[PDB]
Amino acid sequence: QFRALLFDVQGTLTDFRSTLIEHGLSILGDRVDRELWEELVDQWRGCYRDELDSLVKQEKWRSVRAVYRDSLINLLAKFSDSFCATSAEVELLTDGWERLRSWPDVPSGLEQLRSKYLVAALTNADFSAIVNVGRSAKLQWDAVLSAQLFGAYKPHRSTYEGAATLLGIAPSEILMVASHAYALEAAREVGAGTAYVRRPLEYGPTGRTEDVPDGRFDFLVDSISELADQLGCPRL
Amino acid sequence: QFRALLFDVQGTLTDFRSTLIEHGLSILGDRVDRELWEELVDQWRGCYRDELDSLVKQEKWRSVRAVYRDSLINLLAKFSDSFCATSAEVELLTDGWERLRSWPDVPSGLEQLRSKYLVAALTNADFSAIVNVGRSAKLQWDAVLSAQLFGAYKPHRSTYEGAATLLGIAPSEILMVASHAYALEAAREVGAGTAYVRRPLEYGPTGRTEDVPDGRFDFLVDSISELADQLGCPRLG
């Protein structure tokens, strides 16, 4: 009954928090302590989510690379007593979001799924960022979709339905996979299946998440390969 | 100097002619002999090219599955004295263009290129067809681009430059790979590199090949891995 699985990428398939922490400490040396940089990374992600919320209200799309770059410039001025960055380093730091590493279950989970389903990315990141993330995270897709293709971010209905028509299948034949409830709820509005992936470390050891009970979505799993088993995909 | 290679798919990476010939003979049984069906397949390809030519001159885009469907309906009326097809069979025959098998060099050639470059399809086929062709032809891409995304077919400039914008690179950082000269000449007009792959059997054993001289395009090869070697990509194990 499903033909394709569409995936959230940042956080759902990739550990962006550990990636961005190590990336920044690699670019900036002992100019910044780990505790301060991790705090910057958490506010960076928060800045990103807040700007996308405003843009969704405004019915606007804008390059997400620019969203990361501009919010980082803002944070760099706020933390300017503790450390500084040249313009070149700002570009290298922003590049960290295009170098996300994946959770360990992800590459083999996707391969297990492909025996029965098309697998495609549906990310709010720009098209070039998700292509680059495919290399850093070792993701091999049937197709790569981005908000850039549709002029709107998730949860907007044109993203899910544009994905379905591009893929030539019915929305009810799409299973949306995510670690973010808001993206599953939005796929539900257009008729797609829902699969929630719990990522307890998406926001680090002291992170908090709205809890998801069993039965709220069609599937509730702790890895992509667990999802593949519950969908009937043979192992290896 | 290049960041990404963009590929023509039908014919350049896939043997569409053998695919459609065997596919049709499987769906239609003894209703059609091989010789007649091969001639229909050849006219089917010609109608597709003629219709894309017209739409390009009109600056219009249309679904390519519908181009294939409508041309087959036209051909079925021209051959209607010899055999017929139900509407269900027309759908099944049209699906043949979404099941293309690749030339034998293509999977290991694409894998060899990825050590140094992004590789992406840039096809005039619809997005869903190129996604399906990835399975039948075992193509593994960094991204899939279609004329459907841009509202225009190659050779129009909005396809190559739209591809470059999506990939976050300059048109001059793209190497266009194709077995059709017209798609290379148009990529050159936007500043991209050109790589011609000779496919002597694209049109069958007695088919006519474009005869490309040396010096016309940046690269002239007989396989994707030969192209990968000339681009400095390390060999596969």
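Order of the sequence lines sets the chain letters (A, B, ...), proteins ahead of strands, with each chain counted from 1.
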(request) Using the six-membered ring wherever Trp is involved, compare the ring planes of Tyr203(A) and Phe16(A) and label them parallel, tilted or perpendicular (cut-offs 30° and 60°). (result) perpendicular
(message) Run the salt bridge (charged side-chain N to carboxylate O under 4.0 Å, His left out) test on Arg135(A) and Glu98(A) for me, step by step, so that the C-alpha distance in whole Å, both residues' side-chain angles and the decisive distance to 0.1 Å come before the verdict.
(response) CA-CA 9 Å; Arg135(A) 294 308 190 100; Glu98(A) 323 198 16; over 6 Å; no
(message) Looking at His23(B) and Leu92(B), would you say the former's side chain and the latter's main chain have a donor-acceptor pair under 3.5 Å?
(response) yes
(message) Strictly distance-based, threshold 3.5 Å: is any side-chain N or O of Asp126(B) a donor or acceptor partner for the main-chain N or O of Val64(B)?
(response) yes
(request) Would you check if the side chain of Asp218(A) reaches a backbone N or O of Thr194(A) as a donor-acceptor pair within less than 3.5 Å? (result) yes
(request) Would you mind reporting whether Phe79(B) and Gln43(B) have side-chain heavy atoms less than 4.5 Å apart? (result) yes
(message) Taking atom CZ as the centre, does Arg198(A) end up with more than 12 heavy-atom neighbours from other residues, nucleotides or ligands that are less than 6.0 angstrom away?
(response) no
(message) Counting neighbours of CD on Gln58(A) that are heavy atoms of other residues, nucleotides or ligands and sit closer than 6.0 Å, is the number greater than 12?
(response) yes
(message) A side-chain contact here means heavy atoms from C-beta on lying under 4.5 Å apart; do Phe7(B) and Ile224(B) qualify?
(response) yes
(request) Output, in order, the C-alpha distance, side-chain angles, deciding distance and verdict of side chain to side chain contact (heavy atoms under 4.5 Å, CB included) for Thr19(B) and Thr14(B). (result) CA-CA 9 Å; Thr19(B) 294; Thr14(B) 55; over 6 Å; no
(message) For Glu185(A), is there an ion pair with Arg216(A) - N to carboxylate O distance below 4.0 angstrom?
(response) yes
(message) To the closest 0.5 Å, what do you measure between CH2 (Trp61(B)) and OG (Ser158(B))?
(response) 12.5 Å
(request) Mark yes or no for whether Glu226(A), through its side chain, and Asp222(A), through its backbone, hold a donor-acceptor pair below 3.5 Å. (result) yes
(request) Begin from the C-alpha positions of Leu122(B) and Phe150(B) and carry the test side chain to side chain contact (heavy atoms under 4.5 Å, CB included) through to its verdict. (result) CA-CA 11 Å; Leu122(B) 179 60; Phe150(B) 311 115; 3.8 Å; yes
(message) Is it true that, when you exclude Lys138(A) itself, more than 12 heavy atoms of the residues, nucleotides or ligands shown sit nearer than 6.0 Å to its NZ?
(response) yes
(message) Would the distance check show the side chain of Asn124(A) and the main-chain N or O of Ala147(A) forming a donor-acceptor pair, the cut-off being under 3.5 Å?
(response) no
(request) Could you check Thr123(A), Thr159(A), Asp8(A) and say which one makes a side chain to side chain donor-acceptor pair (under 3.5 Å) with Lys154(A)? (result) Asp8(A)
(request) Classify the ring geometry between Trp37(B) and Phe83(B) as parallel (under 30°), tilted (30 to 60°) or perpendicular (over 60°). (result) perpendicular
(request) Answer yes or no: is there an ion pair linking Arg65(A) with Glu91(A), defined by an N-O contact shorter than 4.0 Å? (result) yes
(request) Indicate the ring-plane relationship of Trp97(A) and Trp44(A), choosing parallel, tilted or perpendicular according to the 30° and 60° boundaries. (result) perpendicular
(request) Could you tell me whether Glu22(A) and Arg101(A) make a salt bridge, using a distance below 4.0 angstrom between a side-chain N and a carboxylate O? (result) no
(message) Are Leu20(A) and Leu100(A) packed together at the side-chain level, in the sense that at least one heavy-atom pair is separated by less than 4.5 angstrom?
(response) yes
(request) Flag the pair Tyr153(B) / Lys60(B) as yes when at least one side-chain heavy-atom distance between them is below 4.5 Å, and no otherwise. (result) no
(request) Check whether more than 12 heavy atoms from other residues, nucleotides or ligands sit under 6.0 Å from atom CZ of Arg157(A), and answer yes or no. (result) no
(request) Flag the pair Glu173(A) / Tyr117(A) as yes when at least one side-chain heavy-atom distance between them is below 4.5 Å, and no otherwise. (result) no
(message) With a 4.5 Å cut-off on side-chain heavy atoms, are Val144(B) and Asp142(A) touching?
(response) no
(request) Would you confirm whether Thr12(B), through its side chain, and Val9(B), through its main-chain N or O, come within 3.5 Å as a donor-acceptor pair? (result) no
(message) Counting only heavy atoms from other residues, nucleotides and ligands, does the tally under 6.0 Å from CZ of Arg3(B) exceed 12?
(response) no
(message) Quick one, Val90(A) with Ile73(A), criterion side chain to side chain contact (heavy atoms under 4.5 Å, CB included). Give me CA distance, side-chain angles, the key distance, then yes/no.
(response) CA-CA 8 Å; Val90(A) 158; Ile73(A) 298 271; 4.0 Å; yes
(message) Tell me whether the count of non-hydrogen atoms from other residues, nucleotides or ligands lying under 6.0 Å of CD in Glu111(A) goes above 12.
(response) no
(message) A side-chain contact here means heavy atoms from C-beta on lying under 4.5 Å apart; do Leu6(B) and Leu167(B) qualify?
(response) yes
(request) For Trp141(B) and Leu118(B), indicate whether the former's side chain and the latter's backbone hold a donor-acceptor pair under 3.5 Å. (result) no
(message) Between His180(B) and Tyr182(B) (side chain of the first, backbone of the second, donor and acceptor by atom type, cut-off under 3.5 Å), is there such a pair?
(response) no
(message) Determine whether a donor-acceptor pair (N or O, by modelled atom type, separation under 3.5 Å) exists between the side chain of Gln148(B) and the backbone of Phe127(B).
(response) yes
(request) May I ask you to test the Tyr48(B)-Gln10(B) pair for a side-chain heavy-atom distance under 4.5 Å? (result) yes
(request) Find the distance between CG (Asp105(A)) and CG (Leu13(A)) and round it off to the nearest 0.5 Å. (result) 8.0 Å
(request) Can you establish whether the number of heavy atoms outside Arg188(A) located under 6.0 Å from its atom CZ is more than 12? (result) yes
(request) Could you check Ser71(B) against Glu51(B) for side-chain hydrogen bond (donor to acceptor under 3.5 Å, both in side chains), going step by step and ending with a plain yes or no? (result) CA-CA 9 Å; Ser71(B) 59; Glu51(B) 172 66 359; over 6 Å; no
(request) Begin from the C-alpha positions of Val67(A) and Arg62(A) and carry the test side chain to side chain contact (heavy atoms under 4.5 Å, CB included) through to its verdict. (result) CA-CA 8 Å; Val67(A) 177; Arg62(A) 117 186 219 222; 3.8 Å; yes
(message) Using 0.5 Å steps for rounding, measure from the CG atom of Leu40(A) to the CG atom of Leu72(A).
(response) 6.5 Å
(message) Under a 3.5 Å distance rule, please check whether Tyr160(B) uses its side chain to pair with a backbone N or O of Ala183(B) as donor and acceptor.
(response) yes
(message) What I want to find out is whether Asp42(B) reaches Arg17(B) closely enough, with some N-O distance under 4.0 Å, to be called a salt bridge.
(response) yes
(message) Just verifying a value: how many Å separate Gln112(B) CD and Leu110(B) CG, rounded to the nearest 0.5 Å?
(response) 10.5 Å
